[PDB]
Amino acid sequence: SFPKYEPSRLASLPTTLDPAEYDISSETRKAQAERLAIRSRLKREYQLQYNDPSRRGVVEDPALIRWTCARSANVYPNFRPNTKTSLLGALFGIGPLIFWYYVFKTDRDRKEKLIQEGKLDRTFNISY
Amino acid sequence: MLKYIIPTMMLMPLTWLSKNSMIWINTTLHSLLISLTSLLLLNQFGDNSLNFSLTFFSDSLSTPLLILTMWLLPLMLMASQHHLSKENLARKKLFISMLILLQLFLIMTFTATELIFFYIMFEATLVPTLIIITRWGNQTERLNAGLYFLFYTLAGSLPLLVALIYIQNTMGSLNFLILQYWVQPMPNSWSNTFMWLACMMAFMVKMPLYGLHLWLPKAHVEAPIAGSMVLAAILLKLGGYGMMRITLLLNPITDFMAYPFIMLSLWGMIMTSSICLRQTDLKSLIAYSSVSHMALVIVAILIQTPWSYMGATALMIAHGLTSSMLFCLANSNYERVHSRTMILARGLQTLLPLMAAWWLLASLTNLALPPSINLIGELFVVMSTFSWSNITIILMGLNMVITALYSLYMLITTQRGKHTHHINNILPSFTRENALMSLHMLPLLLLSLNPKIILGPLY
Amino acid sequence: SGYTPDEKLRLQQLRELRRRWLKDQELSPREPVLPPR
Amino acid sequence: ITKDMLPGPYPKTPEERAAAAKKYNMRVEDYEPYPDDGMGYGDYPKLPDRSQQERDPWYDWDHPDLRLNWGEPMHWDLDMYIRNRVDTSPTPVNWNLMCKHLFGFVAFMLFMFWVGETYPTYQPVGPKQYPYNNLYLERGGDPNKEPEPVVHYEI
Amino acid sequence: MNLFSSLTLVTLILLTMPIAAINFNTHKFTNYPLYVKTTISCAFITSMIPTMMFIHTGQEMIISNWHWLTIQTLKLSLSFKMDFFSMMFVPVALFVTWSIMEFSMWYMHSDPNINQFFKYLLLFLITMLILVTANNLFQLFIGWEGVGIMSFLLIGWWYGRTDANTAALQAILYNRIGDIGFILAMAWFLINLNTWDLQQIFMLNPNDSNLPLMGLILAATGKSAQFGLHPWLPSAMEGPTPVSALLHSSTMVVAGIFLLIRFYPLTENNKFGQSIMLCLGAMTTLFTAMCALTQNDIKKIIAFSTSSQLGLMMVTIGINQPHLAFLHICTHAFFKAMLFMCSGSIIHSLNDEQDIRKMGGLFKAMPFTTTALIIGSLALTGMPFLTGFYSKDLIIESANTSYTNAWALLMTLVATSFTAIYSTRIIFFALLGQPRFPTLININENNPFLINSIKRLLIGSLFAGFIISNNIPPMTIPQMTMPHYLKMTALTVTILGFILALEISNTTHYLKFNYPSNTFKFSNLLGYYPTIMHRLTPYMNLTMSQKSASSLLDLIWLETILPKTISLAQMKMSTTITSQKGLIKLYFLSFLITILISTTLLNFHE
Amino acid sequence: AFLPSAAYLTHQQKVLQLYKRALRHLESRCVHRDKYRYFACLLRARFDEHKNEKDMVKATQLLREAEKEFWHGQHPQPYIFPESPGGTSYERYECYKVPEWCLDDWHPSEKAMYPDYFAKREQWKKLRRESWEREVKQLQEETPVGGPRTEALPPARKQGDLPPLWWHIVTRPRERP
Ligand SMILES: CCCCCCCCCCCCCCCCCC(=O)OC[C@H](COP(=O)([O-])OC[C@H](O)COP(=O)([O-])OC[C@H](COC(=O)CCCCCCCCCCCCCCCCC)OC(=O)CCCCCCCCCCCCCCCCC)OC(=O)CCCCCCCCCCCCCCCCC
Ligand SMILES: CCCCCCCCCCCCCCCCCC(=O)OC[C@H](COP(=O)([O-])OCC[N+](C)(C)C)OC(=O)CCCCCCCCCCCCCCCCC
Ligand SMILES: CCCCCCCCCCCCCCCCCC(=O)OC[C@H](COP(=O)([O-])OCC[N+](C)(C)C)OC(=O)CCCCCCCCCCCCCCCCC
Ligand SMILES: CCCCCCCCCCCCCCCCCC(=O)OC[C@H](COP(=O)(O)OCCN)OC(=O)CCCCCCCCCCCCCCCCC
């Protein structure tokens, strides 16, 4: 019939084409109502502070603080050197250094050989 | 040099004998007078350096660093007087004494004729900086920051000391003027290899070299505002100054000893700039941008051409002004929202339009908009590295893409979009704050009219 | 089905307060009171 | 803010998973951490990897430009999935078919520019004729030397 | 000499004077936009005098008036090149900008920051004339990055809109990718020719000019939105309509083309660079005119129109016709700025409606906008003896009768038919038929600013190709002998485009509903290039920016190998040294072991 | 899926949202008003055929293949209203929507330029700070134990009370400030 939508990492599945969107089961209703309850509690807790006349400042979000703490300070306490982190740390850490070393070294050896053999055109090159 | 050293020391009785309401005004006034006085160092010659005495000299490398150093002290006092308003009076005077003492150590770091006196002033700068960070920094991590800043330096600099004393035993002198004429070639050997590392790694830590840079996004982030201003604007440039002096003695071994470090810098400026694309802390983003900018100065000093040294000293002066202004802008938002999270306070151009114009100008100078001296230094380093190897333009040009991308992202996140609804303490910009921004930005833009004074000794 | 009566009542009261607020954004005929040039 | 509301280590026991689900303001049945492979995520939730563009724009968001509520657990790459940046929204054409069509179009055009370069068009004319030995002195030829005579005839 | 150089510098200083006025102000201005518009009309009048005395004698000069900086053998001076390119581009840019600003006094009247808008628009004009009047690469780079930054600030004019900020940063990103090639060219010319001045570049005339011309072609690909670096120009329609009319149609986006016209003594001796420019321009003019066939936002259609015209300019550079390319710049400025101004008149009369599916019936309701839109669409498609005829028809005749990549010629002709197709798409959905806009009609174009600003570009779009093409000196030999099917190629292809798209437009009224094909979805979703490349390339960068660079290296491994392992080692050695049980017996037993190792094992007693 | 009051969409709400999306995409495909009007009546006839369907599994199946029908037949560039999300004028004026609290930071010389406005602003501020404690104690005497279930707020129940959490709804900026 119709071409089936193939979702990707950068093009997700639509809400209207997802089979779990049409679940009418009571456990999904309980999960949706419990998510609505958490969101309504956080909403009320936010807008009781947001609408306060005496408040003058920043309504601190512990979710934002929690995110910025996870992105920076919690990383090394939760690092374990294993096969994955060592093979990724050495591929992306010293791999490009070896690569650009051999590229620039081969280029400058070739250019130095051409200059000392009098082959590189260096006719008007006096700024360096 | 003693016409600058003695007024800088006279700032100490000036701050300790001032009336309690006058200690910012008096030190600001007389440090501005010292900074006006610093232009007499522009008596530079096309052949000779300005050689005052046996102890002090000033060529066209040290002179702009001195003028920038003496200029940064009033701006640090203006930046720091607001958040230290509730401080004890004696601790306030001790803070100003640490800034004065740091200026005193810096101005005879840059003018030290002899290299071991350079070493002693160079390492003497650590103690006021460590005290400022660990005593007047805001958070817990300042203590850990004070350790990293202390121990990446000394572990690099204690082999330098030995190396310098070895030169003292070999050449008979560490006078830089004598070493200009008595320099002997340094051949390929293992002894000269570790001689090269001992001469270079302390300054590699100070720049910082990529991979050795980890002290900086703790030390510049956890510092107070004057600490971050002097760390980014001056103390990184002790490494570049020291390299430009010390690589006289390291030829011709540098021609292959530079190859790893150049790689560490050329890829490192790709890494740290990319890191700036995903920084959530604004002050950390400015710190990583400093690592990325100093990577070019490392490459330019290691390839040691005239164009590269001219670009490296122009880029050091330009980065000093730009990074100090960027830390002051980030502090002006921190002193309102009390968080360094960049995504927190958004849409600030709707609330603070003139400060948004300062953000715009500092971002444009950060991305090296021509004809700023940022672009002059950037471009001259790119010319010299293209002559070094034509492939470097890839890693150069890609850097200039990413440098634009994090500069405007910082400008788009904080200034543009919708303002945060729940933040209602965004005060209008104080005259002190706009003054601080203009005293960074107006000299930076006026140096584009006459950039030859910041092009160094081989202009 | 449309609103609940609580939603109708809350929107009516917010509507009255909002229209009072928007009426209070009009200037007086003397405003803006400028300094003498 | 305090210590038991900050992120911590990876949750192993189910009561630790429950209390860290309570910390990030979300259900235990919805809380999934990143897999404990030592990359440094800790107990931080693996949220479903969607852009903020996919959020409902008509909802009363606390942060309307970000489409994000207060207290909602932010994605690890929230600064990456802002609407200024990476969009993951569903596309009218499938991703693989888009890649096939774009690559096929670009490759076909480059191939046909190569073909037309190998077989160029021209006009049924001879070469353009210039006097004075094909303008030898005008093109920068030195006057002390003398070139071969380039002679053009009438036709 | 003294008249020429003085009025040359008076034009530029006069443009800088309202910037000095707005920066030195205390009051609320009595119509600062009128002052900037009066200043630019006067700069047009002042720039016409050196233009006339170039038309008289061919009088050219270089004003190297301020020595700025000598880097040992590179003397950098503030140097202005008053040649044919500056002498024609400066009056055309000033005339177009004067119409854009009298349009902006109407279109931006509700804007509370209209003085900042006119300040930014004048700063763009100053940086653009710095670009086109420059004699060295550093000053050209100042103008180049300056028009990039004013493009950023004017695309993101409504800065609370996320799409405006995204489009502005996208324009920056693609132009910095081109600036890689610009700085490559500057590096090559400095290292190999010891200069950034154009005169020493042209006098040395290097034969190995592959790499600097590849850099210049990359710079033009960024700046003129050629294929690969194209989508920022349709994204740049997020800015206000005078920004799209001034910068992104007529003045800024030709700068890359202008750059390759400025280096024509190098491109004329490099057949490889000519073939690269030819294939790149033909690719661009096919692809963007194909994308324009199915768009519905009127500014997107005009943006793909001007990127197709920039592709045509790149084609006529690639066939070694740089003066026809410059003629097409000066010609294209008039009618394309006027087409954006007519679109903005429609958008303002329909309450910021920009989709052509909610237009229609505007033939009689907006008669002056209709007249000027039809005249501009005929000038765009190369109606005979309108302004686009005097450049584009010569471009097609020269591309036919030359030693050319035949696929590039054929794609240029298919793009020429596509121009007629999207031009009548504009005329059909915007002007013809019956209304599709909402019921409260606020249609009004009776402002003197709107009428006069469209009127001067209308007189331009009628007569400027004739006047310029009869005033400029011959710089090549025009090919005027060709067979009848090859002389009549452009007109026949344009007429076939009009006929075929009349068929396409009349099939829209039929009561048939077909599912869209893959060709329609390829044209409509922009060849899938901004969908893939703007999702995939940021993703792979930003993950790499956080996972590898931030987390793995500079929070973990560069933290692990130097400081953390050293600290753990010194902690472990500290705990081994200080784990002594306080027993005198064990310490003296260690002293005995010390003496035995010193005597027997180390021989410290010999 | 994601709604402030309801926890989900009902089947009837899903059908009506599909019907509106399908008519808007059909109008994008079918530009002219008579041609749209014909095909919109045909689409309404397709929706009225299965309107009286009592089997909810059959109705859910019809809704699911109708969503597949829509996803195949949608317009690649549908018409978006200009101030609507994704529109060309969406969130354009947010840079001009200065919040009201910034008026508290004005200098007295520029507050004196608008005497009647700020005199009228102060009685709004007085009304808000005398209404705040009554509306907080209204919310806490009406929210059940464990927190609110939905995000709906109650109205004012007494004569003299204002609705709870009203200030940023009432004093929000204009769409054209
Ligand atoms: C030795 C004597 C020297 C005399 C000449 C001066 C030389 C330059 C010095 C520095 C000048 C900067 C001062 C203005 C900017 C900062 C303050 C500000 O924003 O005020 C806004 C305010 C007006 O705005 P507003 O409406 O009231 O409020 C602002 C809004 O909130 C919203 O604001 P906004 O965003 O709408 O408007 C900001 C706008 C934003 O616009 C931009 O950001 C776009 C700019 C970039 C693109 C366009 C330029 C590209 C490059 C071309 C120009 C350079 C080369 C030109 C030569 C030909 C080609 C080679 O910026 C401007 O319009 C400023 C115009 C000048 C820009 C200079 C370049 C900055 C870009 C970044 C670095 C680029 C390289 C360095 C160039 C250095 C050249 C010397 O201006 C003032 O009130 C000015 C106050 C007085 C300024 C004095 C300047 C000199 C100070 C030096 C003192 C000592 C020497 C004595 C000389 C005194 C002369 C009078
Ligand atoms: C910031 C972290 C990294 C810091 C790196 C600092 C530099 C790294 C290299 C330092 C080497 C040691 C000092 C060398 C001084 C050179 C002086 C000289 O004349 O050398 C030639 C002399 C030669 O001896 P000589 O000169 O007496 O002999 C006469 C000359 N010939 C050889 C011809 C007969 O070299 C040496 O004597 C030894 C040099 C190597 C020393 C090896 C031991 C130290 C290893 C490195 C330790 C680095 C720091 C470790 C801590 C890290 C952090 C906790
Ligand atoms: C409204 C104010 C205007 C002036 C009002 C009062 C005067 C009234 C009218 C009389 C005119 C004044 C007398 C004549 C002027 C002075 C003439 C003279 O010899 O001046 C000495 C010199 C002329 O140059 P010079 O070659 O003699 O000296 C330069 C100095 N050395 C040699 C050391 C390099 O300086 C000037 O004139 C300075 C003004 C320059 C004007 C342009 C400024 C552009 C700024 C751009 C900054 C960035 C550039 C980067 C790019 C550069 C290119 C790559
Ligand atoms: C003559 C030769 C001609 C050669 C032509 C072909 C060469 C180039 C090939 C393509 C490379 C560039 C294109 C890919 C990057 C494009 C990035 C971009 O524009 O992203 C836009 C994206 C959102 O835009 P969009 O979704 O369209 O907006 C709709 C409203 N939400 O916005 C975002 O997602 C924001 C992301 C910000 C960070 C971007 C990180 C990526 C940076 C890539 C740098 C590449 C450098 C290449 C260097 C080459 C050196 C020679």
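Sequence lines set the chain letters: A, B, ... in the order given, protein chains first and strands last, and positions in each chain run from 1. The figures that follow rest on heavy atoms only: side chains count, while hydrogens, waters and symmetry mates do not.
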ask   = E/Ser461 side chain to E/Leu458 main-chain N or O, any donor-acceptor pair under 3.5 Å?
value = no
request  = Look only at the side chain of E/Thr306 and the backbone of E/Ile302, and say whether a donor-acceptor pair between them is shorter than 3.5 Å.
outcome  = no
task = Over all heavy atoms of both residues, which pair between E/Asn444 and E/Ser349 is shortest? Give the atoms and the distance, please.
result = O-OG, 3.2 Å
message = If only side-chain N and O atoms count, and only distance matters, is there a donor-acceptor pair under 3.5 Å linking E/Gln170 with E/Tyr174?
response = no
inquiry  = Measuring centre to centre across the rings, with the benzene-like ring taken for any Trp, is E/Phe103 within less than 6.0 Å of E/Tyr107?
reply    = yes
request  = Provide the full list of side chain to side chain donor-acceptor pair (under 3.5 Å) pairs with a residue in residues 323-344 of chain E, sequence neighbours left out, each pair given once.
outcome  = E/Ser305-E/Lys336, E/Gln309-E/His328, E/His328-E/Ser391, E/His332-E/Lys336
Qualifying side chain to side chain donor-acceptor pair (under 3.5 Å) pairs, either residue in residues 142-153 of chain E, two or more places apart = E/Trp144-E/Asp179, E/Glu145-E/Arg176, E/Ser151-E/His248
task = Mind running ring-ring contact (aromatic ring centres under 6.0 Å, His included) on E/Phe385 and E/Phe389 for me, showing each step along the way?
result = CA-CA 5 Å; E/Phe385 304 106; E/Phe389 177 75; 5.1 Å; yes
task = Spell out, as yes or no, whether a donor-acceptor pair under 3.5 Å connects the side chain of B/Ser372 to the backbone of B/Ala368.
result = no
key: Backbone N/O of E/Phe466 and side chain of E/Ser469: donor-acceptor pair under 3.5 Å   = yes
note = For E/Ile100 and E/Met341, the nearest pair of non-hydrogen atoms, with its separation, is CD1-SD, 3.6 Å
message = Determine whether the aromatic ring centres of residues E/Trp68 and E/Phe138 are separated by less than 6.0 angstrom.
response = yes
request  = Determine the interplanar angle of the E/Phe95 and E/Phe334 rings, folded into 0 to 90°, and report it as parallel if under 30°, tilted if 30 to 60°, perpendicular if over 60°.
outcome  = tilted
query = Do you know which two heavy atoms are closest between E/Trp196 and E/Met186, and how far apart they sit?
reply = NE1-O, 2.9 Å
With sequence neighbours excluded, residues passing side chain to side chain contact (heavy atoms under 4.5 Å, CB included) with F/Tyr96 = E/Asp111, E/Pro112, E/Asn113, E/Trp157, E/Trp158, F/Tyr93, F/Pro177
inquiry  = Quick one: does any side-chain atom of E/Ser308 pair with a main-chain N or O of E/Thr288 as donor and acceptor, under 3.5 Å?
reply    = no
ask   = Tell me, which pairs form a side chain to side chain donor-acceptor pair (under 3.5 Å) where one or both residues lie in residues 17-46 of chain E, sequence neighbours left out?
value = none
ask   = Is there a donor-acceptor pair closer than 3.5 Å between any side-chain N or O of E/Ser224 and the backbone N or O of E/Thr221?
value = no
task = Would you name the heavy atoms of E/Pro50 and E/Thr8 that are closest together and state the gap between them?
result = CG-OG1, 3.8 Å
message = Does atom NE2 (E/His109) have a neighbourhood of more than 12 heavy atoms from anything else shown, all under 6.0 Å?
response = no
query = Is the backbone of E/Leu198 close enough, under 3.5 Å, to the side chain of E/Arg262 for a donor and an acceptor to pair up by distance?
reply = no
ask   = Do you know which of E/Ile346, E/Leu339, E/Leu373 makes side-chain contact (heavy atoms from CB on, under 4.5 Å) with E/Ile426?
value = E/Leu373
query = Checking E/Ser235 side chain against E/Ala168 main chain: does a donor-acceptor pair fall under 3.5 Å?
reply = no
key: Side chains of E/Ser345 and E/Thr369, donor plus acceptor under 3.5 Å   = yes
query = Among pairs that include at least one residue of residues 451-472 of chain E, which meet salt bridge (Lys or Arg N to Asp or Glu O under 4.0 Å), considering only residues two or more places apart or in two chains?
reply = E/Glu102-E/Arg456
task = For E/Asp297, enumerate each residue passing the salt bridge (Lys or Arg N to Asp or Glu O under 4.0 Å) test, keeping only those at least two apart in sequence or located in another chain.
result = none
ask   = Between the side chain of E/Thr316 and the main-chain N/O of E/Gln321, is any donor-acceptor distance below 3.5 Å?
value = yes
inquiry  = Donor-acceptor pair, distance only, cut-off 3.5 Å: does the side chain of E/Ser86 make one with the backbone of E/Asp83?
reply    = no
